[PDB]
């Protein structure tokens, strides 16, 4: 189907090669950064991002999909810089990120009005730019599938139909929000194969993850490093298993790393003694080497990091 890149003539589905499916160059709360720019440092952030991408490309990473959308502080101009300064393939997406309600702006507005916003970022461009969204991100968490949360999921379903672009979800692995995102998206006509249920690696309940995969969707083991949601040695033990059961065709791995996080749980103070080894290369340093160590083979890891992302964007 061909995919739009941040500041590039665009590439074809089959030519994305080794790609990381959930990585944030930078995340912040639009509101806070707009009212207190003194808290942030573009230069310090820009560099932290450059070091990651380049040294992530050194490992062979050819494409990076960044699910940073509204609520996370998407910035197409910042992302465009990183591209010019690295040459990496960035796939920017659209959508909305919320756990409970929508900004007051969305009061008594139709799901169609929302989908329009997504379709705009896909057809027209992003933030007055020519860069187009190659997907749509949606979220759900502890609060569950709330009213406004469901409205976004449906707005996503429409955008998919109208554009054919895939969907990436943030979910809570413990409250079945992921399975619900799948139920709704499927009921609305979305192709399960065009759905990636995220943050499923945050659990070791193999029986639940399989239920989502058996329905034909991708299961997102996409938080290597964040030891707060699940230790690495226990995540690897989980991924290594779904692989033994032949679920590679639905397995997607990433870090969900944020070269720069304004989160109170990501301060330049906590990380050290919370999620130490949490880099955009944690998989090459541990995961992958571990898998090969358990006799997986290059074919399988090629499936997870090349074939899957390929089927996903086509």
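Residue numbers count along the first chain shown, from 1.
A.B. asks: Given the B-factors recorded for C-alpha atoms, which segment has the greater mean, 53 to 61 or 24 to 32?
C.D. replies: Averaging CA B-factors over each stretch, the winner is 53 to 61.
A.B. asks: Higher mean Cα B-factor in the deposited model: 235 to 243 or 215 to 223?
C.D. replies: Looking at the record's C-alpha B-factors, the answer is 235 to 243.
A.B. asks: Whose CA atom has the top B-factor in the entry, of 116, 80, 180, 188?
C.D. replies: Across 116, 80, 180, 188, the entry lists the biggest C-alpha B-factor for 80.
A.B. asks: Just the C-alpha B-factor column, please: which of 200, 230, 96, 76 has the biggest number?
C.D. replies: Spelled out: the listed residue with the top C-alpha B-factor is 230.
A.B. asks: If you rank the chain by CA B-factor, which third does residue 256 end up in: lowest, middle or highest?
C.D. replies: Answer is middle: the recorded C-alpha B-factor places it there.
A.B. asks: Sorting the chain's modelled residues by C-alpha B-factor, tell me whether residue 7 ends up in the lowest, middle or highest third.
C.D. replies: Its C-alpha B-factor belongs to the highest third of this chain's values.
A.B. asks: Ranking the modelled residues of this chain by C-alpha B-factor as given in the entry, is residue 304 in the lowest, middle or highest third?
C.D. replies: According to the entry, residue 304 has a C-alpha B-factor in the chain's lowest third.
A.B. asks: Could you look up the Cα B-factor of residue 171 in the entry and say which third of the chain it sits in: lowest, middle or highest?
C.D. replies: According to the entry, residue 171 has a C-alpha B-factor in the chain's lowest third.
A.B. asks: What third of its chain's C-alpha B-factors does residue 160 belong to: lowest, middle or highest?
C.D. replies: For residue 160, the deposited C-alpha B-factor lands in the lowest third.
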